[PDB]
Amino acid sequence: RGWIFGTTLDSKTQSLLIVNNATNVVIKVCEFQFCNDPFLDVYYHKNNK
Amino acid sequence: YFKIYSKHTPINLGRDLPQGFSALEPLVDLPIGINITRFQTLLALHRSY
Amino acid sequence: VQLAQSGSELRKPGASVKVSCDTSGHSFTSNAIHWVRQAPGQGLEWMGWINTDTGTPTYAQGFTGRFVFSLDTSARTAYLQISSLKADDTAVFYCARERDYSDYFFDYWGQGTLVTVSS
Amino acid sequence: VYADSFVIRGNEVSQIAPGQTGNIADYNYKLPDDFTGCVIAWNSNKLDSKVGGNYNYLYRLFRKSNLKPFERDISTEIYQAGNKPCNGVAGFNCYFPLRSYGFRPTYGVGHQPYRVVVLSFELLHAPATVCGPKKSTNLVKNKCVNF
Amino acid sequence: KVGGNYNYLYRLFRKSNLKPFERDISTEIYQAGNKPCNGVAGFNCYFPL
Amino acid sequence: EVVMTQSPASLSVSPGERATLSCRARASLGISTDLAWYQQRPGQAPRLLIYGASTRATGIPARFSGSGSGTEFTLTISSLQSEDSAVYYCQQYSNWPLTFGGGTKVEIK
Amino acid sequence: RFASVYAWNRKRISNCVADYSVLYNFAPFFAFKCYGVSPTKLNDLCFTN
């Protein structure tokens with residue numbers, strides 16, 4: 001889902017936020033501060049649910 | 001100008017990168033500008049297999 | 001030689017000062033008036049000049065903005081305005097006038113005006 | 001239609017052109033050599049200057065390298081202008097790139113602030129979106145007509 | 001000056017056009033008629049400056 | 001821009017002795033006799049002393065004499081008086097950063 | 001003080017390092033029309049005097 005572009009990926013420089021949706025796509029390049037990580041529930045198991 | 005070309009190519013039976021020939025069609029152009037020199041992905045690792 | 005100039009005043013920080021320079025004492029073959037500043041113990045340094053009959057001032061490097069040069073309705077009496085006085089702003093301000101046109105040496109000088117900053 | 005504008009000193013009006021170089025066309029705004037479209041400039045000393053000086057305008061002075069055409073860089077930092085690494089704040093051999101202008105009405109022509117806008121176009125084989133004041137007509141087939 | 005600046009002079013009368021990159025600050029009374037211009041000035045006698 | 005340098009910094013000589021002061025302007029192309037001298041007694045404003053290379057103004061006695069050409073200029077005085085307690089400066093009307101010299105602090109014993 | 005047209009003064013420059021871009025801030029001129037070389041590349045050629 002999505003792609004991100006830039007030169008530093010920090011708060012001082014602008015960067016893209018190309019993200020994919022089920023029936024949409026959002027592109028809004030802005031001077032984003034931080035990009036920590038995708039939210040993970042530590043489980044990451046799909047063999048059962 | 002930010003350009004994206006895409007083509008949904010079927011047939012991925014056994015080969016990771018099958019041979020043949022397919023040409024990608026234009027999708028959209030964007031007036032981004034900036035000096036992008038970095039690539040990064042937003043893979044959703046909440047559930048994987 | 002003895003152009004009438006305003007007297008000394010005592011000013012508090014942040015106040016404003018007005019200094020005049022009367023001219024009609026003699027006859028002048030020129031169209032400009034000059035200002036000369038001297039530190040209490042140091043030498044002389046220029047600030048600028050304004051063109052008579054045009055009213056256009058001209059500022060030096062280190063004396064731009066805060067200093068104000070003005071003329072009269074008769075374009076004869078020149079006034080000097082300053083605001084936001086500092087502790088180091090104390091000095092003496094003279095008013096020099098040219099002798100003949102295109103003779104950039106000053107001969108007519110006012111008696112000088114003293115500005116003191118204190119409380 | 002792309003209408004982007006900014007305010008620069010009148011001394012740099014002629015610098016906005018394809019292939020130009022200088023202090024404002026190499027660090028702030030660049031035009032490509034194959035640029036199609038053009039620019040409009042007119043004096044704006046009437047409302048862009050004060051007797052004390054209008055210090056609301058900033059321009060870049062120092063950069064690592066000349067930028068590519070049609071790029072924007074609003075980053076603020078301290079250029080390495082000396083052997084000693086620039087830790088921060090300011091100091092000798094550490095120049096802050098963004099300096100200010102000193103517009104005032106007393107200055108003569110050339111130094112007065114100027115207001116400029118450049119319109120960017122492109123005539124490629126793409127579906128038209130904006131057009132001129134024209135009127136459509138009926139379609140004629142199988143006849144020699146000036147289409 | 002409001003009265004008028006008369007400190008700038010120029011040359012108007014000469015026997016012939018001069019070559020590029022030459023000067024002539026000489027002053028003399030040009031002869032502009034059959035009457036000789038012995039000195040000073042007069043009819044058909046012009047001061048070039 | 002054209003800027004002066006003046007030495008000696010101060011003078012302390014009894015009245016009636018000849019003294020010489022030098023004002024040198026650091027300029028590549030020189031000044032060409034576009035210099036003036038000024039005398040400022042404590043209190044009142046400076047008064048014009050010499051304009052041009054050596055010519056004297058109106059109301060000044062012939063006691064003072066000056067010389068110099070191109071880049072270096074020198075002032076010579078005779079019959080120094082008690083009332084001549086003043087600091088002497090030099091000015092160049094050659095370019096248009098009008099500045100003054102460092103000054104020579106001449107004191108009467 | 002500037003000279004008159006009939007007595008223009010020739011001033012020579014030699015044995016120094018020039019910078020033809022600093023002269024923009026010296027005077028409020030606008031055109032700076034030049035004939036033999038572009039004003040763009042004045043500080044790259046090397047002359048005699």
# chains A, B, ... in the order shown; residues from 1 in each chain; ligands from 1

$ residues_around --residues "residue D:36" --least-positions-apart "5" --cutoff "8 Å" --atoms "only C-alpha atoms" --output "list in words"
residues 120, 121 and 122 of chain D

$ write_last_selection --atoms "N, CA, C and O atoms" --output "mmCIF file, in the first residue's frame"
data_model
loop_
_atom_site.group_PDB
_atom_site.id
_atom_site.type_symbol
_atom_site.label_atom_id
_atom_site.label_comp_id
_atom_site.auth_asym_id
_atom_site.auth_seq_id
_atom_site.Cartn_x
_atom_site.Cartn_y
_atom_site.Cartn_z
ATOM 1 N N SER D 120 3.134 29.692 -17.042
ATOM 2 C CA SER D 120 3.726 28.521 -17.674
ATOM 3 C C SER D 120 2.649 27.749 -18.422
ATOM 4 O O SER D 120 1.586 27.454 -17.862
ATOM 5 N N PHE D 121 2.925 27.426 -19.678
ATOM 6 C CA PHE D 121 2.026 26.666 -20.532
ATOM 7 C C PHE D 121 2.766 25.452 -21.085
ATOM 8 O O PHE D 121 3.961 25.266 -20.849
ATOM 9 N N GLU D 122 2.033 24.610 -21.811
ATOM 10 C CA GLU D 122 2.641 23.520 -22.570
ATOM 11 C C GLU D 122 1.640 23.045 -23.614
ATOM 12 O O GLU D 122 0.500 22.703 -23.277
#

$ select_by_dssp --residues "chain E" --states "strand (DSSP E or B)" --output "list in words"
residues 30, 31, 42, 45 and 46 of chain E

$ write_last_selection --atoms "N, CA, C and O atoms" --output "short mmCIF file (atom, residue, chain, number, x, y, z; two decimals), in the first residue's frame"
data_model
loop_
_atom_site.label_atom_id
_atom_site.label_comp_id
_atom_site.auth_asym_id
_atom_site.auth_seq_id
_atom_site.Cartn_x
_atom_site.Cartn_y
_atom_site.Cartn_z
N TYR E 30 36.28 79.03 -35.27
CA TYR E 30 36.06 78.40 -36.56
C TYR E 30 35.63 79.42 -37.60
O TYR E 30 34.90 80.37 -37.30
N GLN E 31 36.10 79.22 -38.83
CA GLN E 31 35.75 80.09 -39.96
C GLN E 31 34.52 79.51 -40.65
O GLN E 31 34.58 78.41 -41.21
N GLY E 42 32.18 87.00 -34.45
CA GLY E 42 31.51 87.87 -35.40
C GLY E 42 30.60 87.08 -36.31
O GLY E 42 30.42 85.87 -36.14
N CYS E 45 31.50 83.71 -37.83
CA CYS E 45 32.62 83.38 -36.96
C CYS E 45 32.04 82.78 -35.69
O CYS E 45 31.37 83.49 -34.93
N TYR E 46 32.28 81.50 -35.46
CA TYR E 46 31.59 80.75 -34.41
C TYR E 46 32.59 80.19 -33.40
O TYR E 46 33.62 79.63 -33.79
#

$ residues_around --residues "residue E:1" --least-positions-apart "5" --cutoff "10 Å" --atoms "only C-alpha atoms" --output "list in words"
residues 29, 30, 31, 52, 53 and 101 of chain C; 6 of chain E

$ closest_atom_pairs --of "chain C" --to "chain D" --cutoff "8 Å" --atoms "only C-alpha atoms" --output "JSON lines"
{"residue": "C:56", "atom": "CA", "partner": "D:106", "partner_atom": "CA", "distance": 6.8}
{"residue": "C:57", "atom": "CA", "partner": "D:106", "partner_atom": "CA", "distance": 7.2}
{"residue": "C:58", "atom": "CA", "partner": "D:106", "partner_atom": "CA", "distance": 8.0}
{"residue": "C:65", "atom": "CA", "partner": "D:52", "partner_atom": "CA", "distance": 5.2}
{"residue": "C:66", "atom": "CA", "partner": "D:52", "partner_atom": "CA", "distance": 7.3}

$ write_last_selection --atoms "N, CA and C atoms" --output "PDB file, in the first residue's frame"
ATOM      1  N   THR C  56      15.080  64.973  -1.130  1.00  0.00           N
ATOM      2  CA  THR C  56      15.471  63.572  -1.150  1.00  0.00           C
ATOM      3  C   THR C  56      16.680  63.367  -0.253  1.00  0.00           C
ATOM      4  N   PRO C  57      16.560  62.628   0.844  1.00  0.00           N
ATOM      5  CA  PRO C  57      17.715  62.386   1.713  1.00  0.00           C
ATOM      6  C   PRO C  57      18.634  61.319   1.131  1.00  0.00           C
ATOM      7  N   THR C  58      19.811  61.207   1.742  1.00  0.00           N
ATOM      8  CA  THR C  58      20.794  60.193   1.374  1.00  0.00           C
ATOM      9  C   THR C  58      21.499  59.738   2.642  1.00  0.00           C
ATOM     10  N   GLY C  65      18.011  54.527   8.352  1.00  0.00           N
ATOM     11  CA  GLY C  65      16.749  54.170   8.965  1.00  0.00           C
ATOM     12  C   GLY C  65      16.335  55.033  10.142  1.00  0.00           C
ATOM     13  N   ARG C  66      17.035  54.889  11.270  1.00  0.00           N
ATOM     14  CA  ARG C  66      16.619  55.567  12.493  1.00  0.00           C
ATOM     15  C   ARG C  66      16.741  57.082  12.385  1.00  0.00           C
TER      16      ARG C  66
END

$ residues_around --residues "stretch 59-75 of chain F" --least-positions-apart "2" --cutoff "12 Å" --atoms "only C-alpha atoms" --output "PyMOL selection string"
(chain C and resi 1+107) or (chain F and resi 2-7+16+18-39+47-57+77-81+84+88-92+94+104)

$ residues_around --residues "stretch 42-45 of chain D" --least-positions-apart "3" --cutoff "12 Å" --atoms "only C-alpha atoms" --output "PyMOL selection string"
chain D and resi 5-11+13+39+48-51+53-54+103-118

$ atom_distance --atom1 "atom CA of residue E:41" --atom2 "atom CA of residue E:25"
18.9 Å

$ residues_around --residues "residue E:49" --least-positions-apart "3" --cutoff "7 Å" --atoms "only C-alpha atoms" --output "list in words"
residues 9, 10, 11 and 12 of chain E

$ residues_around --residues "residue A:41" --least-positions-apart "2" --cutoff "12 Å" --atoms "only C-alpha atoms" --output "MDAnalysis selection string"
(chainID A and resid 37:39 43:45) or (chainID B and resid 44:47)

$ closest_atom_pairs --of "chain G" --to "chain F" --cutoff "10 Å" --atoms "only C-alpha atoms" --output "JSON lines"
{"residue": "G:1", "atom": "CA", "partner": "F:94", "partner_atom": "CA", "distance": 7.8}
{"residue": "G:11", "atom": "CA", "partner": "F:29", "partner_atom": "CA", "distance": 9.3}
{"residue": "G:12", "atom": "CA", "partner": "F:29", "partner_atom": "CA", "distance": 9.5}
{"residue": "G:13", "atom": "CA", "partner": "F:29", "partner_atom": "CA", "distance": 9.5}

$ closest_atom_pairs --of "chain C" --to "chain F" --cutoff "12 Å" --atoms "only C-alpha atoms" --output "tab-separated table"
residue	atom	partner	partner_atom	distance
C:1	CA	F:47	CA	8.3
C:2	CA	F:45	CA	9.6
C:3	CA	F:45	CA	11.1
C:5	CA	F:45	CA	11.4
C:34	CA	F:98	CA	11.3
C:35	CA	F:98	CA	11.6
C:36	CA	F:45	CA	9.9
C:37	CA	F:45	CA	10.5
C:38	CA	F:45	CA	9.9
C:40	CA	F:42	CA	10.7
C:41	CA	F:42	CA	10.6
C:42	CA	F:102	CA	8.6
C:43	CA	F:102	CA	6.5
C:44	CA	F:100	CA	6.1
C:45	CA	F:99	CA	6.0
C:46	CA	F:99	CA	6.2
C:47	CA	F:98	CA	8.9
C:48	CA	F:98	CA	8.8
C:49	CA	F:98	CA	10.8
C:58	CA	F:96	CA	11.3
C:59	CA	F:97	CA	10.6
C:60	CA	F:97	CA	7.9
C:61	CA	F:97	CA	9.0
C:62	CA	F:97	CA	11.7
C:92	CA	F:45	CA	9.5
C:93	CA	F:45	CA	9.5
C:94	CA	F:45	CA	7.1
C:95	CA	F:45	CA	9.1
C:96	CA	F:45	CA	9.4
C:97	CA	F:48	CA	11.3
C:98	CA	F:48	CA	11.1
C:99	CA	F:57	CA	10.3
C:102	CA	F:93	CA	10.2
C:103	CA	F:93	CA	8.7
C:104	CA	F:93	CA	6.0
C:105	CA	F:51	CA	6.7
C:106	CA	F:48	CA	6.8
C:107	CA	F:48	CA	5.3
C:108	CA	F:47	CA	8.0
C:109	CA	F:45	CA	6.7
C:110	CA	F:45	CA	6.8
C:111	CA	F:45	CA	5.5
C:112	CA	F:45	CA	6.0
C:113	CA	F:45	CA	9.6
C:114	CA	F:43	CA	10.5

$ write_last_selection --atoms "C-alpha atoms" --output "short mmCIF file (atom, residue, chain, number, x, y, z; two decimals), in the first residue's frame"
data_model
loop_
_atom_site.label_atom_id
_atom_site.label_comp_id
_atom_site.auth_asym_id
_atom_site.auth_seq_id
_atom_site.Cartn_x
_atom_site.Cartn_y
_atom_site.Cartn_z
CA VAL C 1 29.98 80.43 9.91
CA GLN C 2 27.52 80.82 12.80
CA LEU C 3 24.31 79.26 11.51
CA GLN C 5 21.43 75.67 15.76
CA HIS C 34 25.08 68.34 5.42
CA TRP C 35 25.28 66.81 8.88
CA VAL C 36 28.44 65.86 10.80
CA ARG C 37 28.48 63.77 13.98
CA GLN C 38 31.32 63.47 16.50
CA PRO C 40 32.35 62.57 22.83
CA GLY C 41 36.01 61.54 22.67
CA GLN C 42 36.49 60.22 19.13
CA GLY C 43 36.82 61.88 15.72
CA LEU C 44 34.41 62.90 12.99
CA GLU C 45 32.23 60.71 10.79
CA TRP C 46 29.66 61.56 8.11
CA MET C 47 26.00 60.51 8.01
CA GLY C 48 24.53 61.92 4.81
CA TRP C 49 22.91 64.85 3.05
CA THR C 58 20.79 60.19 1.37
CA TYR C 59 22.02 57.86 4.12
CA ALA C 60 25.44 56.41 4.89
CA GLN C 61 26.26 52.80 5.81
CA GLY C 62 25.90 52.79 9.60
CA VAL C 92 27.48 66.07 19.32
CA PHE C 93 25.65 66.79 16.06
CA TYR C 94 26.87 69.59 13.78
CA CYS C 95 25.31 71.17 10.69
CA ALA C 96 27.72 71.96 7.84
CA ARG C 97 26.97 73.94 4.69
CA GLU C 98 28.76 74.25 1.35
CA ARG C 99 30.45 77.43 0.09
CA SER C 102 30.41 71.41 -6.50
CA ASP C 103 32.85 72.41 -3.73
CA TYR C 104 32.56 69.46 -1.36
CA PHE C 105 34.60 71.08 1.44
CA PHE C 106 32.56 72.51 4.31
CA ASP C 107 33.08 76.13 5.39
CA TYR C 108 29.82 77.17 7.11
CA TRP C 109 29.35 75.24 10.36
CA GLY C 110 26.74 75.50 13.08
CA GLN C 111 27.79 75.88 16.67
CA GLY C 112 26.82 72.29 17.40
CA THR C 113 24.10 70.53 19.39
CA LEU C 114 24.62 68.26 22.40
#

$ interface_residues --of "chain B" --to "chain A" --cutoff "8 Å" --atoms "only C-alpha atoms" --output "VMD selection string"
chain B and resid 32 34 to 49
